[PDB]
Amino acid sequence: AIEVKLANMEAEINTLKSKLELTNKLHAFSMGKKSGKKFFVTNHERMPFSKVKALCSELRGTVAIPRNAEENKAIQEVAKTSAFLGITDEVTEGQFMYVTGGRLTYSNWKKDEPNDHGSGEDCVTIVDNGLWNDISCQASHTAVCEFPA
């Protein structure tokens, strides 16, 4: 019994792992995930940057980061409104970095942005035009998470 039941449960476990992978694939498909493309998702809720980060972290994803013009448009279409991007200059003013680490490679700043306006702006939002504007991390904008291709 013992060894047999143990061997059976290993098979039951592997079977459940396969089924759950399948469920995840179907869910990504249903949410618009395109072959070989990373995918962005939103619950359409607007909140402070720190809350977006914590929320995407729970889902094992990251705050949406467009690495090129295609991903930038993709994020725009998903959000439908202003949304925080996974980019800030919180560590060194004027120097924007990805929350996943590293200096910017692609950017689509609105004219004369980023400007750290008034009391200060260390976060970034993609606006209803695809362009970027640095804004207060305390302001509430749409939460858009990103998952791997």
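Each residue number is its position in the shown sequence, starting from 1. In this text, the rigid core denotes the largest set of C-alpha atoms whose superposition between the two forms falls within 1.5 Å.
Novice: In 5 other deposited structures of this protein, superposed on the rigid core, which stretch sits farther off in Cα RMS terms, 79 to 87 or 37 to 45?
Specialist: Larger mean C-alpha displacement, comparing 79 to 87 and 37 to 45 in 5 other deposited structures of this protein, is found in 37 to 45.
Novice: Report the stretch with the higher mean CA temperature factor, choosing between 106 to 114 and 24 to 32 on the basis of the entry.
Specialist: According to the PDB entry, the answer is 106 to 114.
Novice: Name the third of the chain's ranked CA B-factors that contains residue 119, choosing lowest, middle or highest.
Specialist: Middle third of the chain for residue 119's C-alpha B-factor.
Novice: Is the Cα B-factor recorded for residue 86 in the lowest, middle or highest third of its chain?
Specialist: Lowest third of the chain for residue 86's C-alpha B-factor.
Novice: Lowest, middle or highest third of the chain for the C-alpha temperature factor of residue 7?
Specialist: It falls in the middle third of the chain.
Novice: Looking at the temperature factor on the CA atom of residue 98, which third of the chain's modelled residues does it land in?
Specialist: Highest third of the chain for residue 98's C-alpha B-factor.
Novice: Divide the modelled residues of the chain into thirds by Cα B-factor and specify which third, lowest, middle or highest, holds residue 64.
Specialist: Lowest third, going by the recorded CA B-factors of the chain.
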